[PDB]
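Secondary and tertiary structure notes
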There are 2 protein chains.
Amino acid sequence: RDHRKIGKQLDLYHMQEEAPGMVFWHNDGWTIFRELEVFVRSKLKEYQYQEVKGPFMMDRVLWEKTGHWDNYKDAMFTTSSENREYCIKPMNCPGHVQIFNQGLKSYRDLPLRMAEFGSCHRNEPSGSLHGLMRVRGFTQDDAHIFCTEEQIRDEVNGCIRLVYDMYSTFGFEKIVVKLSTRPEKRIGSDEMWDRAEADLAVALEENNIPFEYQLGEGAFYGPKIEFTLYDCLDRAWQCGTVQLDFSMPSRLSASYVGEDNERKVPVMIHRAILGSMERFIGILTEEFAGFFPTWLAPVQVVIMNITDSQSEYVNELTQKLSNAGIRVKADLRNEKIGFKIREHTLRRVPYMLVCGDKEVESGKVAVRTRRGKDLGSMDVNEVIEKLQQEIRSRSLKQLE
Amino acid sequence: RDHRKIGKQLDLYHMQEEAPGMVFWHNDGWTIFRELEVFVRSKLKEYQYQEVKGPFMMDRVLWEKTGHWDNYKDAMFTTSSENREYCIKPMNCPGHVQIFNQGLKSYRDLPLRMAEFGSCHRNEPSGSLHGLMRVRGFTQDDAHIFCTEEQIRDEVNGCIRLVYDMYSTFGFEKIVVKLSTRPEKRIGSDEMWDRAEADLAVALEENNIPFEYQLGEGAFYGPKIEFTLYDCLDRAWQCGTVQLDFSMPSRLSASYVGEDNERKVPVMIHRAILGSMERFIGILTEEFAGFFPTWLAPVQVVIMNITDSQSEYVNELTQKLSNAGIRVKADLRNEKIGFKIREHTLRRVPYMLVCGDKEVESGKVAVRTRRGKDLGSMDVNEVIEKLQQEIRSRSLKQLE
Ligand SMILES: [Zn+2]
Ligand SMILES: [Zn+2]
């Protein structure tokens, strides 16, 4: 149950000294990452998020306007070009504000949800690096919501429901929620902080989430909600974050025309559900010990023949399953059938399809799961539709 | 017919001085970019490429091993981390060799086709930057093929077929091809170069492609084939490149176990069809003058009502088209039908559905193209079928 060992065994990823804390995604690992992209994207459509893409580096002058340069300059990678300093972005927030600043915005346009699979880079200490979970380069399921003060409580409601929607997909039901209150050094009045913390507190009340305060741990520009999930080994993982911000939109001159025809600064909500997806894949690898759900598996079906008298029956069925959008491979090697099954059981392939002349004539397939249960011979069309339903529903459990 | 002018009008992207030569992709522009990813990935499956993902930056020590540091140090962004220097990758070639080096490779594993949507950054002179077409940060439809010397002809043939397959999708048929022979300073013997240039020359001759010798224009590590497509304005655009490399795999300790059990250094083919994806989108924007094909359009269908008595019929119809994988949005505003239709014609929306009392009862839609042609009132399921076929087939033309 160590993702670094399982990652090398299943040929998912590797890392090396020439790029500390940066991931070489192999084909199978990149398949798992891309499937997470689709799953998150399906949520963005349902929750009505835009998806954007910001550049990897911006002028250091811009990063000074945000106030983050004075705080986290050592964690930033800096480069030079024609006597100008550029910073590789460790966050997507200033970039999203820049998209927001293009073209006059009105209250008609709010709330405006803006998501990005933004690649961020942080100059993390090398001694702290560990596998997929403490890295220098990571992709964040990041989003930013621009809205009015009145729309804060409803927008946070969507973020809260989004958090439990996505976690329950992976089987994470034990979630601990903490709210961070105002720190010693902060901006804004006490009154503004009172309603900001109330909006987070109320939004958790309307969802029946019991939570717990983390006193003084909030950022200097707003309180936040942090979600912590517990794996099958009862290890806490802090993944979700909903962060209010009353500083950055004003620092970057973001504005909209309100109902009263006066110019107003919008409120920014920073939200991430999975946090670092490279880290999240590490959690999934150890939570499932490599036995990924069928929708996440790099190879979903392997079809084998007993002899060569079925090699192109396998070939036709491999094509037939491929046209169904199933990641399927064929194993026509001159090896014992037991040797082939142990080969792909070791690789954690969800389903093994075995074809003898018993099933070739009847147009059926013997089906075996990686766990070992033999489901007998069933119609190919019935097998394909069952496989589709499992993949489309992202079912945690296989057949029976 | 200016990609920059069309980009701002259709809200595709924007650029600013805070990140010169770098593109902020908006929601509509990022839809076009992601659709090209799907199209390219469709070709990768057909031609059996692996898709991997390399790190965004790597140690400058490795870049000195490749020999690229001596020649292209001025074009590389560099950063520091714990008294070590790292270069943001201007190319994906060393990263793919690192992935290939993990695990001993046999001759049975070749040809190894490895593709990546690599994000490369180059310190281009800011005075030369131009919109989407000369940029500092770009994404490349990149790939590298590892094979033996006997496999070069067959692999180059596949690259040539893929070049014309993808260009024909976008309506580019006039393509000019040039072969760059040996330069004054080069590695390897004459016989190696004689064989290498012959393989490129023979492959171009077999495919009956007229080609012009670019005498002395090849790289020092191998000859190359460059493809230039001509747009509807008869302007030349150099996009495709096929480079043979006999230096880097030996420099980076790449090897495989041959059928004679003697370890050999493989041959690398550097391959890109579209070149920079930002640049290709710019060419496509000017080629169509914003009238994107239905499969690339950010919004494919707009459904409108006549009065408020059909707002519900549009809403279910929009959802019904949405479930069919069609990018559809509803326009239920309180504006005249002529005002609505112009609003979405200016936005180059391919199709516009109109619902009065006549079609709500009959379960039909009045369908109009952005060219201005009325197609009458047809069945809802029939227009959904025809829309999917046009999207699935990537049709340049519309209905009729
Ligand atoms: Zn943020
Ligand atoms: Zn290359």
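Residues numbered from 1 in each chain as written, not as in the entry; some residues may be left out. Chains lettered and ligands numbered in written order. Heavy atoms only, no water. Residues with missing side-chain atoms left out of burial classes, pairs and counts.

This deposited entry lists X-ray crystallography as its structure determination method and 3.08 Å as its resolution.

1. Observations regarding the relation of the copies chain B and chain A
Heads up, the rule is: Copies superposed on C-alpha atoms by least squares. In what follows, residue pairs with any heavy atoms lying within 4.5 Å of each other are defined as contacts.
Taken as rigid bodies, chain B and chain A are interconverted by a rotation of 180° and an axial shift of 0.1 Å, the fit giving an RMSD of 0.3 Å. The two molecules are tied by a two-fold rotation axis, judged by turn and shift. Of the C-alpha atoms belonging to chain B, the one lying closest to the rotation axis is found on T79 of chain B, 2.6 Å away. Here 98% of the contact residues of chain B are again contact residues in chain A; the copies associate through an equivalent surface.

2. As for the environment of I6 of chain B
Residues and elements named next belong to chain B. Rule in force here: Where helices and strands are cited, they refer to DSSP runs of H or I of at least four residues and of E of at least two residues respectively, numbered from the N terminus. Here's how the labels work: a residue is buried when its accessible area is under 20% of the maximum for its type, exposed when over 50%, partly exposed in between, all with a 1.4 Å probe on protein chains only.
Position of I6 among the secondary structure elements: in helix α1 (residues 3-9). For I6, a relative accessible area of 7% gives the class buried. Sequence-wise, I6 and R347 are 341 residues apart; in three dimensions their C-alpha atoms are separated by 9.8 Å.

3. A look at the domain arrangement of chain A
Residue and element names in this part refer to chain A. What counts, and what does not: Note that domain bounds follow an automatic or database assignment of domains. When two parts are brought into contact, each loses some accessible area as probed by a 1.4 Å sphere; the total of that loss over both is the buried area. Just to be clear on terms, a salt bridge is a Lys or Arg side-chain nitrogen sitting within 4 Å of an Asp or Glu carboxyl oxygen.
By the assigned domains, chain A splits into domain 1 (3-288) and domain 2 (301-392). Distance from the C-alpha centre of domain 1 to the C-alpha centre of domain 2: 41 Å. Roughly 340 Å² is buried in total at the junction of domain 1 and domain 2, and carbon and sulfur atoms are behind 49% of that figure. When the buried area of domain 1 at its contact with domain 2 is split by residue, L10, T31 and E35 rank highest and sum to 76% of it. At the junction of domain 1 and domain 2, the tally comes to two salt bridges.

4. What to know about the interface of chain B and chain A
Interface size is commonly expressed as the accessible area that is lost once the parts come together. We apply this condition: By the criterion applied in these results, polar contacts are pairs of N or O atoms within 3.5 Å in which, for protein atoms, one can donate a hydrogen and the other can accept it, and in which residues neighboring in sequence qualify only through two side-chain atoms. Polarity classes work like this: nonpolar for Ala, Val, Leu, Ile, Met, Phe, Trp, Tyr, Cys and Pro, charged for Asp, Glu, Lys and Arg, and polar for all others, with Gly in that last group.
The interface of chain B with chain A comprises 48 residues on the first partner and 47 residues on the second. Where chain B meets chain A, there are four salt bridges. The salt bridge partner of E51 of chain B is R34 of chain A, with a shortest N-O separation of 3.7 Å. Inspection of the chain B/chain A interface yields 27 residue pairs in polar contact. Those elements that provide at least two residues to the side of chain B that touches chain A are β2 (24-25), α2 (27-47), β3 (50-51), β4 (57-59), β5 (78-80), β6 (85-88), α5 (93-100) and β7 (112-121) of chain B. If one sorts the elements of the side of chain B that touches chain A by residue count, α2 of chain B sits on top with five residues. Of the residues assigned to the side of chain B that touches chain A, the class counts are 18 nonpolar, 18 polar and twelve charged.

5. Considering the coordination of the zinc ion (ligand 2)
Tetrahedral coordination by four donors puts the ideal angle at the metal at 109.5 degrees, and octahedral coordination by six puts it at 90 or 180 degrees. All names here are of chain B. Test applied: Donor atoms: N, O and S within 2.8 Å of the metal, or within 3.2 Å for Na, K and Ca. Because water is excluded, sites can look incomplete.
For the zinc ion (ligand 2), the protein coordination sphere consists of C93 (SG), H144 (NE2) and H270 (ND1), at 2.3 Å. In primary-sequence terms, the residues that donate to the zinc ion (ligand 2) follow C-x50-H-x125-H. Of this pair, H144 sits in strand β8 (residues 137-147) while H270 sits in strand β15 (residues 267-276), placing them 126 residues apart in sequence. A residue is classified by how much of its surface remains accessible, and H144, at 0% relative accessible area, is buried.

6. Some remarks on the nonpolar core
Heads up, the rule is: By nonpolar core is meant a set of buried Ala, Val, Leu, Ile, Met, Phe, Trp, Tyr and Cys residues that side-chain atoms within 4.5 Å join together.
The biggest cluster of nonpolar side chains holds 87 residues, and the ones touching the most others in it are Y167, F170 and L321 of chain B. For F170 of chain B, the contacting residues outside a window of four places in its chain are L36, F39, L274, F280, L284, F288, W295, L296 and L396 of chain B. Membership of the second largest hydrophobic core comes to 83 residues, among which are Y13, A201, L244 and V380 of chain A.

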